[PDB]
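Chain letters run A, B, ... following the sequence lines, proteins first and then strands; every chain starts at 1. Hydrogens, waters and symmetry mates are skipped; everything else that's a heavy atom, side chains included, is used.
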Amino acid sequence: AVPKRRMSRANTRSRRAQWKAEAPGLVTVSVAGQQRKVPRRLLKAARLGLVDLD
Amino acid sequence: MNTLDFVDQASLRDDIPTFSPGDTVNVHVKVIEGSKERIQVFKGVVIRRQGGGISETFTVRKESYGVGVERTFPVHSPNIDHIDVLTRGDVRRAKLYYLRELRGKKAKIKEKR
Amino acid sequence: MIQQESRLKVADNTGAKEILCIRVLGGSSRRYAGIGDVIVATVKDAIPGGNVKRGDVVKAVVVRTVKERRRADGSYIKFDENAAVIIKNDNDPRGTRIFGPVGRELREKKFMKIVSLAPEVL
Amino acid sequence: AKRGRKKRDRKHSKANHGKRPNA
Amino acid sequence: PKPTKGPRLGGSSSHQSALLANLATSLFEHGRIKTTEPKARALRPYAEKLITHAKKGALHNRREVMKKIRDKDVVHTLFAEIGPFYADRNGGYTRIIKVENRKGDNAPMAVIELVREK
Amino acid sequence: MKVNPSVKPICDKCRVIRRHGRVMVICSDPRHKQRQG
Amino acid sequence: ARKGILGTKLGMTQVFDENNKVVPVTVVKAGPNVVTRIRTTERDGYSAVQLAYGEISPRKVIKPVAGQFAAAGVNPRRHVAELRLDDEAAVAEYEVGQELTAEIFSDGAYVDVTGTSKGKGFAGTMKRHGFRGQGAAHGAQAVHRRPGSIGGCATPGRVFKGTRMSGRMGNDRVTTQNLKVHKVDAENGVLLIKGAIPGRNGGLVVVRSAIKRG
RNA sequence: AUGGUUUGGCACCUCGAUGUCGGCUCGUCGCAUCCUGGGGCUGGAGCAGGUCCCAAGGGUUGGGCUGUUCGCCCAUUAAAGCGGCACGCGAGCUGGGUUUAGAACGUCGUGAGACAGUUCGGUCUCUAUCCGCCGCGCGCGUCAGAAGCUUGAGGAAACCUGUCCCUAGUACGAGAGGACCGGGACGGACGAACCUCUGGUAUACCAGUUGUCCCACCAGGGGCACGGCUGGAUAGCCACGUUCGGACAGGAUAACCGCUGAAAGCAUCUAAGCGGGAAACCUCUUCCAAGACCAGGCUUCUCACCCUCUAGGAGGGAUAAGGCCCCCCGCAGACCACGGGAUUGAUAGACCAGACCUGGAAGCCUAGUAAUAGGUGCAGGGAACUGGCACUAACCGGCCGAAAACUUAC
RNA sequence: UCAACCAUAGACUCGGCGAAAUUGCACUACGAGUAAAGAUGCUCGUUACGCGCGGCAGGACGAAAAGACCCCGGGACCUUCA
């Protein structure tokens with residue numbers, strides 16, 4: 001099917017706001033002395049050295 | 001092990017002889033016909049011994065007056081007076097459903113010697 | 001488990017060899033006829049010289065089912081053919097002999113004449 | 001029918017004075 | 001093992017079996033491998049059971065392994081210097097380590113490795 | 001009972017009444033019983 | 001009265017009665033329940049008994065719940081639930097700290113078991129509402145399980161509320177009524193209840209006396 | 001006179017498109033009730049009816065013919081209701097018919113061609129924006145933040161029924177025949193839950209096996225051929241299966257039966273009053289439910305700090321109780337949510353044992369020319385079920401998250 | 001009858017690229033009405049916290065194609081003792 005009418009700006013934006021991104025929660029890690037921020041998911045691998053910290 | 005074994009062990013019947021599919025048996029089943037308890041002998045080939053514990057069923061087959069018959073009893077049923085094994089069978093399967101399509105000498109289980 | 005257009009063998013000597021169910025009696029929109037269940041059928045095949053002829057509408061009682069039927073004792077009973085006996089309105093057979101075994105459920109459904117005539121009642 | 005009946009009897013009002021469009 | 005509940009890894013049960021075989025081969029060959037998180041999660045029981053066969057060192061177990069592995073060098077490695085290494089270990093031969101996701105598909109990635117702590 | 005808009009006496013014993021907003025006709029002869037409806 | 005108890009479903013099995021007739025039962029771990037609060041009309045507006053069931057570590061308890069169980073005067077449990085009663089004469093039997101077991105019931109009693117049905121997920125109208133689907137042949141273009149029509153036409157112009165559509169089935173409170181307890185087993189602390197019980201194994205249930213059949 | 005379902009009349013919206021009959025699916029409504037229920041009259045003895053009234057709670061079969069609706073028929077049934085909703089429903093399906101192009105018969109027509117005549121054949125498009133509906137979340141609110149248990153306004157669901165027996169071959173009736181009321185059992189259909197049984201399924205289970213290729217070869221195995229095919233198959237899902245349900249009871253009532261009783265010296269079910277009375281209604285049963293804006297109730301927990309504006313009303317930060325995310329998971333699940341667990345741990349996996357499934361591994365030995373068979377050996381293999389075991393992974397952690405007072409009474 | 005289960009491709013979720021027909025508007029409810037005689041938009045009421053996700057397709061007389069049927073007007077082609 002097709003849209004009968006042009007959706008108003010209000011409604012369009014009302015749901016377009018829901019298309020967002022949940023930012024990842026970070027935690028501190030002390031690899032190579034420096035305190036970097038990584039995800040808790042990657043904490044272990046960062047302690048090991050399997051996380052490219054650019 | 002199971003989680004209801006403590007419930008089932010009560011109703012678990014001893015005196016169940018060790019038998020297996022292919023083994024020919026006589027099941028002495030209690031039969032009630034109007035306030036009259038008697039015993040009928042279902043003589044037949046075990047084709048199946050499904051299940052475990054109290055829930056264990058065995059299926060016995062015979063050919064009565066030109067018609068295949070199968071009775072699926074519970075192993076520990078108290079409607080069974082006892083089970084008299086007669087012959088053990090040499091079978092390469094656990095479930096002899098192929099006997100359902102075999103009448104006669106074709107449906108003759110190899111005795112165990 | 002017998003329903004409309006299910007063909008059954010005849011376990012009696014009326015002259016019918018096989019019948020075809022029409023109705024399972026017992027209520028409205030009854031589907032399945034087990035053992036002891038009465039049906040209305042028609043004779044599709046019959047022996048040459050017989051009392052009931054091809055195309056005769058009859059009542060019948062089902063005495064063997066392939067589909068295993070439970071029993072109160074937890075046991076089951078399963079045959080290798082679906083077969084029935086032709087009866088009158090008195091639940092007595094129109095024939096005088098019964099071929100092959102029958103289920104014990106007939107005894108409770110009050111087909112005692114068939115139970116007596118049958119060689120083995122299981 | 002009910003619809004036409006009601007719409008016609010609407011004219012029997014103090015305002016319409018026994019006349020209405022399409023009665 | 002506990003089979004894949006959902007759709008299989010490679011769009012087919014066959015390609016799943018092949019994936020698990022090749023990945024176990026690689027894992028025993030190299031010690032650790034980086035793949036997707038689900039492939040590692042599925043491989044871990046597979047590989048641990050092959051290692052169990054390797055600990056139970058006998059011809060039957062070797063053949064029950066070779067019906068999955070097909071790399072004879074890896075089979076020998078399993079039965080020479082992995083199984084014995086884990087004889088003292090009652091399971092837990094592998095660990096999965098979640099790592100950074102890919103770029104082209106944002107696929108979650110994990111390094112599945114053999115433990116070497118004893 | 002008869003239920004009709006025209007209820008009326010049928011004999012000299014049939015008496016007419018208004019019971020519960022309904023015109024009833026009563027009699028010894030219950031055949032002559034009627035109600036407006 | 002309507003005496004009741006909380007328990008856990010363990011699974012189904014068989015037993016055999018005195019007549020050698022088979023009974024499919026469900027084993028319910030009707031366990032040590034403990035009374036934690038009395039609901040009264042002078043306090044709460046209704047008569048009921050709050051029961052608690054399920055061993056739990058005292059560290060996995062939320063501290064409000066700990067305080068509730070403490071002011072009651074018992075140690076915490078996992079699941080808590082109320083049994084509505086009919087009158088203060090019925091609630092006067094339950095004291096706080098009182099312990100309920102399977103022995104409150106008796107063999108041959110009729111019960112109602114309240115549980116939480118198994119989840120069937122987002123279900124179609126066939127599985128959920130017993131809709132006949134449509135044909136699998138004879139021309140059917142991609143409607144083999146689809147509900148078909150959904151309302152009338154312009155005259156309604158809408159879909160009536162309460163129409164039977166696809167969606168989540170299960171995980172709903174289900175009371176199965178008039179189940180005959182085949183047996184009590186106080187040694188194990190369980191009830192053998194003739195027949196099906198709502199929910200998975202390990203699921204919490206409430207076995208109450210049948211509100212119809214005593 | 002009703003109704004507006006039939007054939008019609010009008011030609012008022014729609015011809016810059018309102019898709020047509022019938023069926024399928026899904027229903028929903030009315031009652032002018034087919035059954036079930038209640039009742040009055042009867043030329044109602046009884047069984048069974050006829051007619052009328054009340055009653056729409058539920059139920060209202062499957063087939064043959066036909067495109068068919070309708071109808072006839074077959075068997076049944078308690079009954080096989082009548083109608084509306086664009087003759088309900090084609091962005092839900094069909095497309096047999098009607099109603100394109102082909103062709104043919106008959107008839108008409110000089111003919112091209114035509115026929116509410118027949119016949120065979122003949123593209124059913126669309127990613128759902130809005131409302132609506134089914135389900136699920138996010139946010140905020142419910143005057144602090146949180147948590148547990150809840151009330152139930154208000155809604156949803158369900159509501160069917162037969163056969164047999166006793167009452168009693170009694171009442172009734174010349175007999176034939178044959179009860180009401182009231183008890184008991186067994187059932188059909190429908191629905192829910194469940195999976196112990198039975199039965200189906202089983203794409204990482206077991207075995208056998210064909211062809212072919214490979215692992216050097218034998219052996220043993222593997223890849224591919226619909227999981228190659230077969231035979232079986234635990235869990236889970238499920239029905240053909242199991243169990244359960246519809247109630248009992250009360251209130252108020254319809255038709256109706258009445259009591260006491262006038263007006264109207266009588267009579268009158270009514271005008272004051274009082275009762276009885278149905279599957280309808282309200283209660284009862286099950287379920288949802290305080291976004292029930294009167295935003296509820298019973299409890300329990302935290303119930304405590306700083307900073308800046310010029311300290312007015314706020315703003316920012318850090319916190320508690322607690323919760324979220326990440327993590328291990330689930331018979332919970334589209335995502336999310338829910339539930340569980342998270343080293344003070346058995347949540348998952350592995351491992352160990354068991355159960356269960358398969359059904360007797362490999363290797364070796366023995367017999368046999370061999371095919372193969374036997375022993376070792378309920379073997380071996382193995383998933384879901386159970387139990388034990390921290391071996392692995394649940395992390396050295398991050399984000400949210402708590403009080404203007406005032407008035408009056410006591 | 002009478003449907004159940006398995007896999008796969010989609011659908012669903014995450015990442016990346018990224019259209020479409022359509023579109024007078026818009027913080028687009030329901031009933032009974034009224035009305036160009038079938039109403040989200042009017043009246044009287046009833047109901048409804050705001051925003052999304054997956055789904056269904058009853059309506060928006062939904063989209064598409066200036067209805068092919070009918071008629072009017074005009075063409076074209078065909079027929080014939082016009």
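- Annotation: B:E101, atom CD; neighbour count of heavy atoms from other residues, nucleotides and ligands within 6.0 Å does not exceed 12.
- Nearest heavy-atom pair across C:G100 and B:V67 is CA-CG2, 4.5 Å.
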Test side chain to side chain contact (heavy atoms under 4.5 Å, CB included) on B:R100 and C:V66; report intermediate values, then the result. CA-CA 11 Å; B:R100 298 181 157 159; C:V66 182; over 6 Å; no
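- Heavy atoms closer than 4.5 Å to chain C are found in the side chain of B:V31, but not in its backbone.
- Closest non-hydrogen pair, B:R71 versus C:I77, comes out as CD-CD1, 3.3 Å.
- Shortest non-hydrogen contact noted between C:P101 and B:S64 is CD-O, 3.3 Å.
- Under a cut-off of 6.0 angstrom, the local environment of NZ in B:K30 is crowded, with over 12 non-hydrogen atoms contributed by other residues, nucleotides or ligands.
- The number of heavy atoms from other shown groups lying within 6.0 Å of CZ (B:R13) is above 12.
- Between B:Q40 and C:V121, the shortest heavy-atom distance links the atoms NE2-O, 2.7 Å.
- The two residues B:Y65 and C:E120 make their nearest non-hydrogen contact at CE1-OE1, 3.7 Å.
- Enclosure of atom NZ in C:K9 is not indicated, since only 12 or fewer non-hydrogen atoms of other residues, nucleotides or ligands lie within 6.0 angstrom.
- Heavy atoms from other residues, nucleotides or ligands lying under 6.0 Å from NZ of B:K36 number more than 12.
- With a 4.5 Å cut-off on side-chain heavy atoms, B:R103 and C:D80 count as touching.
- Sparse packing is recorded around NZ of C:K53, with 12 or fewer heavy atoms of other residues, nucleotides or ligands lying under 6.0 Å away.
- For C:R70, no part lies near chain B; criterion is any non-hydrogen pair under 4.5 Å.
- Taken to the nearest 0.5 Å, the CD atom of B:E33 stands 3.5 Å off from the CZ atom of C:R107.
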Kindly determine whether C:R64 and B:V69 satisfy side chain to side chain contact (heavy atoms under 4.5 Å, CB included), including the steps that lead there. CA-CA 9 Å; C:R64 302 200 274 282; B:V69 183; over 6 Å; no
